[PDB]
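Here Cβ is always computed from backbone atoms with ideal geometry, including for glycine, and neighbour counts include all displayed protein chains. What follows is calculated from the coordinates using simple rules that are stated; it is not laboratory data.
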Protein chains: 4
Amino acid sequence: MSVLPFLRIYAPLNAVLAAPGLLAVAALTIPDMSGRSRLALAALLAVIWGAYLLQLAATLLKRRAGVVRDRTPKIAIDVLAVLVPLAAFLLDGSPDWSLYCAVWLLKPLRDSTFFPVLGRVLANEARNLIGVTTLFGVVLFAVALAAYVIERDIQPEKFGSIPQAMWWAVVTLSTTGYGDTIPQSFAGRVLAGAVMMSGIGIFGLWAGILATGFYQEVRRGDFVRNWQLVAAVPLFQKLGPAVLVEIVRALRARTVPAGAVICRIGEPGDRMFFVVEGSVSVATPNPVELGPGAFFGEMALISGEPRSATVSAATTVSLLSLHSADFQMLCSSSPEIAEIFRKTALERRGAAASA
Amino acid sequence: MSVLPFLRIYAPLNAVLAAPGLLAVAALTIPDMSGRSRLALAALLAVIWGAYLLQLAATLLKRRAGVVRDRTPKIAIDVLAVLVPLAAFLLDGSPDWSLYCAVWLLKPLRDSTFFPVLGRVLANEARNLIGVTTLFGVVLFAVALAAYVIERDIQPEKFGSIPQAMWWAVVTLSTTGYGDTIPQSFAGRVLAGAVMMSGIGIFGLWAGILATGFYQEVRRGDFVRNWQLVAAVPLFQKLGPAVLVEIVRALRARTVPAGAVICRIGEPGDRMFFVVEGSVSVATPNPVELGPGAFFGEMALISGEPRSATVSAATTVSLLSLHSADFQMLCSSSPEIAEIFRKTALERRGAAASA
Amino acid sequence: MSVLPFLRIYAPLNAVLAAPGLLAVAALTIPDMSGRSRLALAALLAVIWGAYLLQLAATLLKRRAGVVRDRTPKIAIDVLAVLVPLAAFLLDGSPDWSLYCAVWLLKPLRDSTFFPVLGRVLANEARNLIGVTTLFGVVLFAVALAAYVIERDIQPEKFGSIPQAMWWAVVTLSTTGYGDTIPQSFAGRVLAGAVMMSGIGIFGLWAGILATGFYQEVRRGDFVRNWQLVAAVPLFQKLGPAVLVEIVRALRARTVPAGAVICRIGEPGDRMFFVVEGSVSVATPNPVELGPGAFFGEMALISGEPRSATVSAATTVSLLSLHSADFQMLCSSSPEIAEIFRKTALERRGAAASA
Amino acid sequence: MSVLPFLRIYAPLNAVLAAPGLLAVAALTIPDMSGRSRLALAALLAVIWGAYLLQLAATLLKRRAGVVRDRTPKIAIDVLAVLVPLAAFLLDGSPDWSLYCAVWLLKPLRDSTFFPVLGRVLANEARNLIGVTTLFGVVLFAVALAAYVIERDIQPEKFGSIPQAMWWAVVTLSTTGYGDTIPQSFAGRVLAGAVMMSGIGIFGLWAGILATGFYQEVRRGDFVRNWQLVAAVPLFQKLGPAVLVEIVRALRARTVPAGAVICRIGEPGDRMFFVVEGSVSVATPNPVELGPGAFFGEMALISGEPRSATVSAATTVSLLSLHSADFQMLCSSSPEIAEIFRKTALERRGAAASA
Ligand SMILES: [K+]
Ligand SMILES: [K+]
């Protein structure tokens, strides 16, 4: 709610071309199809192949900035990004070679930051997952066994064995309800009463495991990326020690591209930003274009008014952002600091229009 | 649990009439129907049309308070609120013109505050949603592919292609269980074991994304709307800086309409209010009707007793509200403040009955 | 994890007898049944009727403690607890009179504390629920309409009208998957991709609304019930103002009945209690039976050892409870207080065995 | 995200062998099977039987450390781990004796720490569960009754009685959608609209009950296990009282086995550890092998740089772990402490390479 994400966060064409590349698959998978577009898109693989392959060798030029780097991740596919189709092209003479379009699916995951964020936490909380994962199997076979006891007599064809019911079990436990084969008696139908009660409590916990410290990590993502852009602010020599932990939880940074709008005039002033790198277009008669290491919005927030400028992205700017309360927190947190933002709230009343 | 919401929060008839207006649709959609009520409700569209249209031009009189306003949102439908049926009335000569009753559905969303609250946060956290949204597709086709490997032999008619299984996949992944076409073999049925395990963990996270900072926003909704009604209280010059952030998280304001009841006598005193605008009916022999900028409940809370008055809404009052703990927090937070609420807790023992 | 709930929390037989009373229904609902037990349980209604009716008049003796009371809730059924079957007995001469066994279902909800806890919060957060409830209908008909566009041609019998699909919609949206009538084409099947994506995000929020401040209320239930039993402790004149809010969030009270065990000896000391009313059986050679207003466990927690006594419920005791960290919080929170619990941790080393 | 779990957390073979032991079952459960492997795995039960039985008597040697112990839990199966198959072997002469392979399922739960963690909290919050569990049945039969009212006429065969619909009810309420027997009329289909609305709100709460204080318990698991390994650190005489509660919430300990890697060099420094027992392989020209009671990472964190050593597990080490913010919290929390970690951040610049 307090951030302006722009400049094509899904930027790199390396990620873009996996998407059309795999829709290339399906038309090959279908009878009653003409050969015309059949191979037209076979080329498109050769394009994306050739294209990533065109990108490839420039990546293999890893002499740029070659001081200390750990590029096993960023390379682990790019190797396979071209080889796996290649040997697939020959040894799989039949059209099924395209079945090695299981390969580009990681290419989005190449530059999927937020995916290392995923795997990072599993190596802390999987302890829980295992004991639950067992417990899933505990509650599975403990209960999945229960049905073989009963309908083996009159449902051999469906419940004539154990795993036939373990099938029904997880479908019965995992919120699913397929609806192929269901009992007929009372006591077997009695059993289900605790099952949905269970599985929704189980994944009531188990799925809860993920978001639990995942949120910690992403709420931690809002700090680890953002204990940076701190000393750049010339004013933050005076902030207290615990002051930042209270603050930086909320603070997120994003980039805005040149030409875009930052805060349009007259729309309700709901947030203030800290510039640390780039430049702006503060729409005034004398444009107060502030470069790396500035801010604005106190004009609107201390007053609680609309915007005093159609501030717009003159350049590519590394932005921060902040709503009132957490700045009211700052105005509360220090008399020494609100003095200047009082002055700024008078300086930029005159300085916005003047030079 | 600590708020009295009254005065028709679903107030404006602009929102009310979208509801009956669209039930007007369905009777047209049905064979074996008489023409009698068929067109009777066609008029009702003309009513709601004419009615919003009656409202419309008065809205187009936007010279009232025409100083600085951003009414592209509040107008974006009202334009289309009447034009889309209109051209639909002619060009779609067949009865299907009513299919442009997809239009009024936004009219509730016109004055749906809490909907800008919705869209506000998506422009901070969609970063997550995308990488997850991809990851959904990652886990989709990574796994959805897996079934074409197998039952193409003996289920051409169901699993004779890729997307036929991507269909089954999301139904298999998204907690659904339709139950049209399901495998027959072991290994394909083996695969499902991790699927519900996945999809409930995925949306275990992904759906968790929404409520995560949505709650922040609505818990922030309880401040941004309520850093107002602060200086109106004549006592809040002395409150400490961080004191408010601890408090205003809990504080919610709502309005009560005239004539209604506020706290009935003898029912258990569980909360105290801060009046800031309006007037009351404090049921005493001498009614202590306190106007803008007052409070009551300390009589009951410091004692932990029932109510001392059938306090009732004499007028339309802008109310706040507060339970004990967060007022016990206040009584704890300052000796300078509990002195007066001690006095008030003796003044209103005599002043409630006296003048 | 830090509480000992005992003494039959499902105590009152008023609640107990609704359970067997309604199983009395079903045997009447079934052909091929003998009249023998058919009416045997008809009497059991007359028993529970007669029994609650036996209880009833003693309740109508509401002169006990008749000073200030609000018993419209506790009486609202007891009136109907006997009248509704009664007039049902005659006017519904056919056996269907028992269909007014919809009545006792509230009798558990008579003395269901935690049910007023339920309804309390809905009158603060239903504001959200409505705008979501609308939004549910927004997203309902916005999308439910989408299918009538398509398969009306070749599925008149299933998708020949609007509400036929609104049916499929919520089943398609609400995580359900019945599996009666499903499309056949591509684009209609394309549509579902955002639906489960939606409904799990919708109730990802909407169901999240309940637990959100419900947890606040139950976490508030742990205070509002427990700002009591505070001044009874003779030591809590010295606790700091904000000290309690940090503490009482964790503190829960429950009752234990006479004869039961409180903490068995030698089992791992994981918690300490504050007695405020009742008496105990501290299993020592000289039983240190401490009455209203005492505690124990510091012997085990400061040492981190097993229990020093099979402390057991001599009488019906109003207990509190507390784990280490929040007592380590206390030992941290004040040097003035750990002095005595140091002394107590030496006094009860000698006093436990001695007198 | 801040922990290195290693050394086979699923260590004990007592737990390992329940897994293969129960797959031994299913082949017996299947017609058209040869007797060859039929009894080959019957032996494997005798192995696991004999094996746990081999383990058994050594466990019955409970004279080791026989001072004060509560081993009713750890023994409650080991007794039955061998007896239940045994009497099953004879009295159940038919092959169905293996149906007492319901027995080993608890053997993983023998040494399933995190399972006592499970049951611990249910004896605090089941109060809620009951009133909800009733409320489930309230909302069950309140609504489950509703359908018998209607389709008894034209669906005797499906809805000719009460429990036939209670079946459909929970399937209709518990997110399931089996799809065997569904109504045909309007008003009965009207009813479902509030049902999924209900059941997802019910388990929206009820399943929420588990994770609620379960997370408290596991977030408490991160303290109760970790108020230990505190005084071992020679520096923690000076930490403030409330300082730890702020910290130890985040701190988790795990073990790493000998030979493994701890932090590889050049990978991004994202965390620092506190050693308290064991030894390491700090990869330097002069290995700075620090034993029980040490730490490292401040070299990387105060600088925000990669690792200065391929620190690797020379021995089995009891580790702690910590990311920056919570150490930045420490560097913030005390000037007296950052002095030494400044010195250490200069000492280990020279001491890492030197002796
Ligand atoms: K389902
Ligand atoms: K189904």
Given label points at 7 Å from Cα along Cα→Cβ, what nm distances, shortest first, separate A:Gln216 from the same residue in every other copy?
1.7, 1.8, 2.5
Going from the alpha-carbon gyration tensor of the stretch C:78-164, what semi-axes, largest first and in whole Å, does one get by taking the root of 5 times each eigenvalue?
42, 27, 8
Do the sum for chain B: with -39,500 (n - 2.57) for every DSSP H run of n ≥ 4, divided by all residues, what is the mean residue ellipticity at 222 nm, to the nearest 500 deg cm²/dmol?
-16000 deg cm²/dmol
Could you compute how fast the stretch A:120-278 diffuses translationally, taking Rh as the Kirkwood radius over C-alpha pairs and applying Stokes-Einstein at 4 °C with viscosity 1.567 mPa s? Give it in µm² per second.
62 µm²/s
The stretch C:1-109: spread of alpha-carbon positions along the three principal axes, whole Å, largest first, is 52, 40, 18
Give me the inter-chain shielding for D:210-218: mean count of other chain Cβ atoms within 10 Å, whole number please.
6
Averaged across the residues of C:231-242, what count of C-beta atoms belonging to other chains lies within 10 Å of each residue's C-beta?
1
In Hz, Karplus ³J(HN,Hα) per residue of the stretch A:157-164 (6.51, -1.76, 1.60; θ = phi - 60°; x = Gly, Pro):
5, 10, 10, x, 6, 5, x, 4
Any of B:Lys238/D:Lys238; A:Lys238/C:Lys238; B:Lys343/C:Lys238; C:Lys238/D:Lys343 with alpha carbons more than 31 Å apart? Name them for me.
B:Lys238/D:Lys238; A:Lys238/C:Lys238; C:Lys238/D:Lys343
Can you run phi through the Karplus equation (6.51, -1.76, 1.60; θ = phi - 60°) for the stretch B:170-186 and list ³J(HN,Hα) in whole Hz, with x for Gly and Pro?
5, 4, 6, 8, 9, 6, 9, x, 4, x, 9, 8, 9, x, 10, 9, 7
Sorted on mean Cβ neighbours within 10 Å (highest first), peptides A:202-212, A:45-55 come out as A:202-212, A:45-55
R0 = 56 Å: FRET efficiency of C:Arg349 with C:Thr113, Cβ-based, nearest 0.05?
0.85
Pull up all non-local amide H partners of A:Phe273: gap of 5 or more, or a different chain, and H-to-H distance under 5 Å with H placed in the peptide plane.
A:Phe296
What's the average, rounded to a whole number, of partner chain beta-carbon atoms within 10 Å of each residue's beta-carbon in D:193-204?
6
Mean Cβ neighbour count within 10 Å, used as a protection proxy, ranking B:82-95, C:289-302 highest first:
C:289-302, B:82-95
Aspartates and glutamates with Cα under 15 Å of A:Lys74, excluding same-chain neighbours fewer than 8 positions away:
A:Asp111, D:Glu267
Which trypsin sites (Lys or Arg not before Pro) in the stretch D:1-41 sit in a loop by DSSP (not H, G, I, E or B) and have at most 10 other Cβ atoms within 10 Å of their own Cβ?
D:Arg8
Have a look at the DSSP beta bridges in chain C and tell me what percent are antiparallel, nearest 5.
100 percent
List the residues, sorted by chain then number, that are 5 or more residues from B:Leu319 or on another chain and whose placed amide H is less than 5 Å from its amide H.
B:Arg254, B:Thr255, B:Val256
Label 7 Å beyond Cα on the Cβ vector: A:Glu267 copy-to-copy distances, nm
4.3, 4.3, 6.1
For the protein assembly as shown, compute the orientation-averaged projected area of the C-alpha convex hull (one quarter of its surface), in nm².
64.5 nm²
For A:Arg249 and A:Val67, compute 0.36 nm times the residue count separating them, minus their Cα-Cα distance, and round to one decimal in nm.
62.2 nm
Taking the alpha-carbon distance from C:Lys107 and a cut-off under 17 Å, which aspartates and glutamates remain once sequence neighbours fewer than 8 residues away in the same chain are dropped?
C:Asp78
What gaps in nm, shortest first, separate A:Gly93 from its twins in the other copies when you place the label 7 Å past Cα toward the beta carbon?
6.4, 6.4, 9.0
Packing rank of B:312-318, C:59-65, where each peptide gets the mean count of other beta carbons within 10 Å, highest leading:
B:312-318, C:59-65
Could I have the simple spin-label model distance between A:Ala126 and B:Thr315, label points 7 Å from Cα toward Cβ, reported in nm to one decimal?
6.7 nm
Each residue of the stretch D:332-341 in order: what ³J(HN,Hα) in whole Hz does its phi give by Karplus 6.51 cos²θ - 1.76 cosθ + 1.60, θ = phi - 60°, with x for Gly and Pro?
6, 5, 7, x, 5, 9, 5, 4, 6, 5
Compute the FRET efficiency between C:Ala88 and C:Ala26 as 1/(1 + (r/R0)^6), taking r as their Cβ-Cβ distance and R0 = 22 Å, and round to the nearest 0.05.
0.80
Sorted by chain and then number, the residues having a modelled amide H within less than 5 Å of the amide H of B:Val261, at least 5 places away or on another chain, are B:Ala313
